[PDB]
Amino acid sequence: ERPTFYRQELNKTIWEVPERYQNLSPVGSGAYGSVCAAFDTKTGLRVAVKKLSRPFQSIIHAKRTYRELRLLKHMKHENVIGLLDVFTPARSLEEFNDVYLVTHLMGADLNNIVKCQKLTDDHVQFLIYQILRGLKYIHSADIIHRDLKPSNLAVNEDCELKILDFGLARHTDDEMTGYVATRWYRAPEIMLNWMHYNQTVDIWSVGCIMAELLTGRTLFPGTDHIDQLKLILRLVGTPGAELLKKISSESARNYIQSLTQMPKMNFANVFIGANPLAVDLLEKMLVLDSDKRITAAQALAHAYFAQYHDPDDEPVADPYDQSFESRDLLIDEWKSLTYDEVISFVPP
Ligand SMILES: C[C@H](Nc1nccc(-c2c(-c3cccc(C(F)(F)F)c3)nc(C3CCNCC3)n2C)n1)c1ccccc1
């Protein structure tokens, strides 16, 4: 009883999907693959369908595809992208080669909200709350997004938000070069590889995002890596001695000690007119030393979100076994592991 499928040209490829999904129309494209919006007759819901490109072309690729499917299957939270269905035209591992992923259909992302909006301190409170609610759940399973930006944050008409982009291929060195938004939201510790980063790298991003919604301007519009580090240390001050030790990169640590020393600026004089609580929260998020940076769970209880905070409605995730990340397998084996994940999928 595998559903009956039907083929059709779209996004320069031959989409072969189950008849339940109708009216396939393209709404995107990149290296990862092409997304199509469609109508799910079985559920009456509008949906987005992503067809993966080159799923098992290399070992690094095959492992990537497995990581995404695994992360996507684990996610069961209102503020995190959900997997409504995952399918493949294949009828046996031997033919297996395509992978499709289905999720609800969202209207726009955070950049598409600021453009046609006047974000009030309440909206900002609401959007950041949701993000921290989702991160709490993500981090509780030792899952780190690593690349929070407005482009991977989706918002429906009601201002309800979801976190997207899990297990996507790493950004090329060229893609992080110059005056690009792809680097503006990264914590310095990973922007220049100071040390082995941890989950608070995401909090730094939330700070960059929140400020952007409060001011309407990019917080750290670096024109390149160095320029960006300067804008960052100008606002938060140069590293203290405790931090300098923590930086493994002998060269990076050596470089920093070359910059004229500077003091943390006064945020109340940087974000003029902002609610002092937002200002207090921002100073807690934008701390250079990732060990002293406020965590998501800790931020949810910050007074800034009192209007939305609720201890009993901010769930944690089930354990997530990611021991596969230190496993060496062949392309065929990562593929096979993928296939078991596809066929063993249980719709919500
Ligand atoms: C109109 C379109 N709708 C929409 N709805 C839900 C998810 C997505 C989606 C998926 C998507 C689609 C199907 C399945 C899955 C997965 F299952 F993998 F999670 C994800 N991937 C992306 C981007 C994010 C940035 N990097 C490139 C991909 N968007 C916006 N799009 C839209 C376009 C732009 C902005 C907002 C909405």
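Residues numbered from 1 in each chain as written, not as in the entry; some residues may be left out. Heavy atoms only, no water. Residues with missing side-chain atoms left out of burial classes, pairs and counts.

For this entry, the PDB record names X-ray crystallography as the structure determination method and reports a resolution of 2.5 Å.

1. What to know about the overall build of the protein
Helices and strands together make up the secondary structure of the protein, namely 12 helices and 10 strands. The C-alpha atoms of the protein give 22 Å as radius of gyration, which agrees with the globular expectation for 348 residues (20 Å, within 12%). Sequence separation of at least 24 residues holds for 65% of the intrachain contacts in the protein that already meet a minimum separation of 6. (Helix = DSSP H or I, 4+ residues; strand = E, 2+ residues; numbered from the N terminus. Rg over C-alpha atoms; globule rule 2.2 N^0.38 Å. Contact = heavy atoms within 4.5 Å.)

2. A word on the packing of helix α6 (residues 201-215) against helix α10 (residues 276-285)
At their nearest, the axes of α6 and α10 sit 9 Å apart, and the two run at 150° to each other. Put simply, α6 runs roughly antiparallel to α10. Crossing of α6 against α10: the hand is left-handed. Judged by residue contacts, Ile203, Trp204, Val206, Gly207, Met210, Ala211 and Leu214 of α6 engage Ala278, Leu281, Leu282 and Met285 from α10. Its residues placed into classes, the contact of α6 with α10 shows 10 nonpolar, 1 polar and no charged. (Axes fitted to C-alpha atoms, helices over the stretch in contact; angles between N-to-C directions. Parallel < 35°, antiparallel > 145°, perpendicular 65-115°, else oblique. Left-handed = near helix turned anticlockwise from the far one by under 90°. Nonpolar A, V, L, I, M, F, W, Y, C, P; charged D, E, K, R; others polar.)

3. Details of the sheet that holds strand β6 (residues 85-87)
Strand order in the open sheet made by the 5 strands is β3-β4-β5-β7-β6, with antiparallel pairing throughout. This sheet does not close on itself; its edge strands, each paired only once, are β3 (21-26) and β6. Taking the axes of each pair of neighbouring strands and ignoring which way they run, one obtains an average angle of 25° across the sheet. Bridge analysis of β6 against strand β7 (residues 100-104) gives 3 bridges, and the strand direction is antiparallel. By the bridge assignment, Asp85 is partnered in β7 with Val102. (Pairing = 2+ DSSP bridges.)

4. Re the UniProt feature "active site" in the protein
The sites that carry the UniProt feature "active site" are, in the present numbering, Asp165. By the secondary structure assignment, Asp165 is in the loop between β10 (161-163) and α4 (181-184). Setting aside its immediate chain neighbours within four residues, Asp165 contacts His145 and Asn152. (UniProt positions renumbered as here; feature names shortened; annotations may be inferred.)

5. A look at the site of the ligand
In the vicinity of the ligand there are 19 residues, among which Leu101, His104, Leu105, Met106 and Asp165 approach most closely. Take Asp165: an N or O atom from its side chain is 3.3 Å from a nitrogen atom of the ligand. Taking 720 Å² as the accessible area of the ligand by itself, protein coverage stands at 82%. For the shell around the ligand, the secondary-structure elements that each account for two or more residues are β5 (45-52), α1 (59-74), β7 and β8 (108-109). Residues of the shell around the ligand, tallied by class, amount to 11 nonpolar, 4 polar and 4 charged. (Near = heavy atom within 4 Å. Polar contact = N/O pair within 3.5 Å; in protein donor to acceptor, adjacent residues only side chain to side chain. Areas by Shrake-Rupley, 256 points an atom, 1.4 Å probe, with all protein chains shown as cover.)

6. Let's talk about the packing of aromatic side chains
What the rule picks out here adds up to 16 aromatic pairs. Summarising the aromatic geometry, the rings of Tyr66 and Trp334 are spaced 5.6 Å apart at their centres and angled 45° between planes, so their arrangement reads as tilted. Of this pair, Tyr66 sits in helix α1 while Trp334 sits in helix α12 (residues 331-343); the two residues are 268 residues apart in sequence, bridging distant segments of the chain. The burial state of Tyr66 is the same as that of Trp334; both residues are buried. (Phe/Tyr/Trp six-rings, centres within 6.5 Å; stacked < 30°, edge-to-face > 60°. Buried < 20%, exposed > 50% of the residue type's maximum accessible area, 1.4 Å probe, protein only.)

7. Some remarks on the packing of helix α3 (residues 121-139) against α6
Here α3 crosses α6 at 170°, and the two axes come no closer than 10 Å. Looking at the two axes, α3 sits roughly antiparallel to α6. In this structure, the crossing between α3 and α6 has a hand that is right-handed. Every residue of α6 that contacts α3 at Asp121, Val124, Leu127, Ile128, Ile131, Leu132, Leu135 and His139 is listed here: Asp202, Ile203, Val206, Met210, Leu213 and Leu214. A per-class count over the contact of α3 with α6 returns 11 nonpolar, 1 polar and 2 charged.

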